[PDB]
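K.L.:
using only what follows, build the 3D model:
(5 chains)
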Amino acid sequence: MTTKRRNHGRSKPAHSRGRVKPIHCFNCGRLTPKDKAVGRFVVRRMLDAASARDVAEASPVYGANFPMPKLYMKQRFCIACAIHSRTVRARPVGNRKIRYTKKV
Amino acid sequence: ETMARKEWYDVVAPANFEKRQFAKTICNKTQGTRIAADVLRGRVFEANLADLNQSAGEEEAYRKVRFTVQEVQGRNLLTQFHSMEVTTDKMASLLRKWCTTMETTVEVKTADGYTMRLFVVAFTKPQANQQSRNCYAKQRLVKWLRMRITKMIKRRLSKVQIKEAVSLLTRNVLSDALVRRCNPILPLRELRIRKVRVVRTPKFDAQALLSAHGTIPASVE
Amino acid sequence: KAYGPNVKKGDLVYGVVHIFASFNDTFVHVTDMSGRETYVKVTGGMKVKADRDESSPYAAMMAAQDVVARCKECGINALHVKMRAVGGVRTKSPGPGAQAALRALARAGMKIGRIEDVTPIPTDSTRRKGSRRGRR
Amino acid sequence: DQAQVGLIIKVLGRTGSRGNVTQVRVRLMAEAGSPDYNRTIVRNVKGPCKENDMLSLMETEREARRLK
RNA sequence: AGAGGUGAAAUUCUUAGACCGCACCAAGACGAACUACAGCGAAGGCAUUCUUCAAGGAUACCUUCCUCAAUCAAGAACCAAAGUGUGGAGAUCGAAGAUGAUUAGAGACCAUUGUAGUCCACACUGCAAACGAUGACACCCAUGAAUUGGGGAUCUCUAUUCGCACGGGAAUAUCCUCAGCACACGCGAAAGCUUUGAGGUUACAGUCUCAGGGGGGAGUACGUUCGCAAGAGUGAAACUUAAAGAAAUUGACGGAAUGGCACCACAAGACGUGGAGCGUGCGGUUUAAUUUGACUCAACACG
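P.N.:
Numbering: from 1, shown residues only, chains lettered A, B, ... in the order given. Pasting the structure now:
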């Protein structure tokens, strides 16, 4: 019926590609096209802050001017698996169009 | 229990490294027809370069070096270079969206007989003035990196012996030169050597190993 | 009684710990440089009586202590660490019983150094278990 | 003995569905010439709590709410 | 000495050593991150590197040619996934199948499996939400920041960083320009469209072509052409029906979210109401009559 988006939920305009190999969903397995799926890049700490003080204490080399490693992963979510996880939520019609991009 | 029949050993490193004997391990008693040594050969042993050298407070805690046991002398374990790595988390933090990453592989056969793969990774840079939202490289400049990065690693490591070759890799002399020459093509952010693993070992020759370790340190045990 | 290397007392013998923690369980596993040999293999389910809490973080804490019970016996003071997600195609996010292992180690008196992420990463993967629709 | 008597530094908030338990940051009560703080381990308390409560912890060194 | 897997389990694997940890070896698939409102392709589709073979667009040009063109019944080629044929391959996943759970029932959804298949060569099929649900060629059309090719100027804008060797180079900055994918008028039932039109249309005319004529029946029936088959193209009527449908609005509802608030709500939890003793009220059965209202909260010690 009504078009809900000028974009149809894709990064793909008409007269661009046409296919866009699909990817698996973190948490689900749903195949969705790499445009559709909601990506997030993460940079996560290995250890909770109060767990760092313990381990960062217990190490000869680590924890002074040198820090711990982190977990770096992209996450590509099915649009269902993304809403349920709340990484994205519905938004009022006026606000549907907002692009955060990366700025600072 | 099991720690009873076990024995201890320390793992020597080639003399070009600083800390020589970096590890403590185990093997069963000779135990009849079985022989402790024959099982101890081929065991890879790992390290972190900042642990192994006394160098690098500054940039290398991030390279893992690993060795294989090619001989067993006394209570020691004598090794040879097996591979060099870049740690999982160091390599995952180099990536950036909006830049191009440019990877190569180079196979060199050293003067010493070993043929080693070399995995290089170069990242494009935004310029000072750069008003644009992209670092992306034209693909004819990408392909004219890979030819240099090959021609240099072929030319420099092929006329060298592993003893001098490993020191080029662990002291990042290559990486310094591979940037110097490959910088004028594309502005490069970092160009690193991700993995070195040594594919073919020429032979086993005792003298070649012994003169690789120099003066071997004591291992009570 | 303890079986050590011959080492001037108080100096520390490094050994490696492979912490592989899925969402269904946790392994706390001590090996040596290579890893051709083990000292302690304890799973978060060896200390727990049910499959529900098999993976719980208070399970790993009780497992990682019994690794220090054994290491002090095997003469291993300090540990390098390798931490692992359930695997390459399935899930890259570490399980809840990770971090409850390390603390139960540092807080048990072990040294620590040079943690890494060993979780195997598919440059290119075979198909994941879920159907094209997903797990639903 | 098992009594390790800490202070509530603060009520780190209400936590949980019914209104009952409350997240709290605990300052281990015991003081020694080598003062052993945690310094702080978050806890969940059962029943009403207040700014200077003495909270003796029978199960020490558990990392609290984290997960849920 | 457990492992797996789940909401919790169990089917399944384990002292004949699984799970786990190192280094390898074998096979088949696959090309992560970089990866974008990016590029290329007529569409379908296309992601490692190196070599290699024919092409394709864009741009540059005071080359050549001189109407050779636009769109198209019939006709031809290509067409994702599944399918089909003969050989190969057989790692992962997995229609059918088997097993354990779930359930009032439940081969379903979930879990351990598993055949065809998924992959490749050579043939067929031509049946997509094959979508931008938007035919093709041409013209006119305002604005802001961007982006991918190529070119030009700076050598009023001229400037930055890198330094025989695939290099009198590479990228950037300012400005222009052609060509590509995109983020004011007017029109529209509205949603919305806009130099990437759904604009320039009752003030109706630039050209060609395809399809539609209330909803069903029905893409069915018969006929016929094509196909190994599955099926594809072409395609009615009898009969039935007063609406079906589109956009938008205000309510209502949600096992959607988001702030809140309630002891007729819960917590923590005090006192007994539930089923005998007995006060009536109601229902019932009874009898001439058991007069009668009011049946969730807002009916029943109430009239």
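
K.L.:
residues in contact with whichever residue of chain D sits closest to chain C?
P.N.:
Across chain D, no residue is closer to chain C than residue D:67, which sits at 5.9 Å (CB to the nearest CB). Any C-beta I mention is one placed from the backbone N, CA and C, and that applies to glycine too. By CB atoms under 8 Å, 6 or more residues apart in numbering or on different chains, residue D:67 lies in contact with C:57, C:96.

K.L.:
then residue B:193?
P.N.:
B:84, B:86, B:118, B:119, B:120, B:121, B:169, B:174, B:175, B:178.

K.L.:
which stretches in the chain count as strands?
P.N.:
By default, I'm working from chain A. Using DSSP state E, the strands assigned to chain A run over residues A:22-23, A:32-33, A:38-41, A:44-45, A:70-71, A:74-77.

K.L.:
not quite, go with chain D.
P.N.:
Going by DSSP E, chain D shows strands at D:7-14, D:22-27, D:40-45.

K.L.:
closest to chain A out of the contacts of residue B:193?
P.N.:
Once CB to the nearest CB is applied, the member of the contacts of residue B:193 that ends up nearest chain A is residue B:86, at 12.4 Å.

K.L.:
against chain B, how distant is residue A:77?
P.N.:
17 Å (CB to the nearest CB, to the nearest Å).

K.L.:
who's the most centrally placed residue in chain D bridged to?
P.N.:
Closest to where the C-alpha atoms of chain D average out (CA atoms, centre = their mean) is residue D:26, at 3.5 Å. Residue D:26 has these beta-bridge partners by DSSP bridges: residue D:8, residue D:41.

K.L.:
okay, now residue 4: neighbour count?
P.N.:
This is for chain A. 10 (other CB atoms under 10 Å in any protein chain shown).

K.L.:
let me rephrase: I mean chain C.
P.N.:
With other CB under 10 Å as criterion, residue C:4 counts 17.

K.L.:
list the contacts of it.
P.N.:
Here residue C:4 is in contact with B:8, C:13, C:74, C:75 (criterion: CB under 8 Å, 6+ apart).

K.L.:
in terms of helices and strands, where is it?
P.N.:
For residue C:4, there is no helix or strand it lies in under DSSP states H and E.

K.L.:
for residue D:26, see how far away the closest residue to RNA strand E within chain D is.
P.N.:
RNA strand E sits closest to residue D:18 of chain D, with a gap of 3.7 Å, by CB to the nearest atom of the strand. Distance check for residue D:18 against residue D:26: by CB to CB, to the nearest Å, it reads 22 Å.

K.L.:
same thing with residue A:16?
P.N.:
Taking CB to CB, one finds residue A:16 at 58 Å from residue D:26.

K.L.:
got the residues of chain C near chain D?
P.N.:
Contact residues, chain C versus chain D (CB under 8 Å from any CB of the partner chain): C:57, C:58, C:96, C:100, C:103, C:107.

K.L.:
go again with 10 Å.
P.N.:
Counting by CB under 10 Å from any CB of the partner chain, the residues of chain C close to chain D are C:56, C:57, C:58, C:61, C:96, C:99, C:100, C:103, C:104, C:107.

K.L.:
which of those are buried? Put it as a PyMOL command.
P.N.:
Burial among these is assessed by 16 or more other CB atoms under 10 Å in any protein chain shown; the matching PyMOL selection reads:
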select buried, chain C and resi 56+57+58+61+96+99+100+103+104+107
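
K.L.:
JSON lines please, covering the residues of chain C next to chain D and showing secondary structure and distance to residue C:124.
P.N.:
Output for the residues of chain C next to chain D, formatted as JSON lines (DSSP: H, G, I helix; E, B strand; the rest coil; distance: CB to CB, whole Å):
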{"residue": "C:56", "secondary structure": "coil", "distance to residue C:124": "35"}
{"residue": "C:57", "secondary structure": "helix", "distance to residue C:124": "33"}
{"residue": "C:58", "secondary structure": "helix", "distance to residue C:124": "38"}
{"residue": "C:61", "secondary structure": "helix", "distance to residue C:124": "37"}
{"residue": "C:96", "secondary structure": "coil", "distance to residue C:124": "29"}
{"residue": "C:99", "secondary structure": "coil", "distance to residue C:124": "30"}
{"residue": "C:100", "secondary structure": "helix", "distance to residue C:124": "33"}
{"residue": "C:103", "secondary structure": "helix", "distance to residue C:124": "36"}
{"residue": "C:104", "secondary structure": "helix", "distance to residue C:124": "37"}
{"residue": "C:107", "secondary structure": "coil", "distance to residue C:124": "41"}
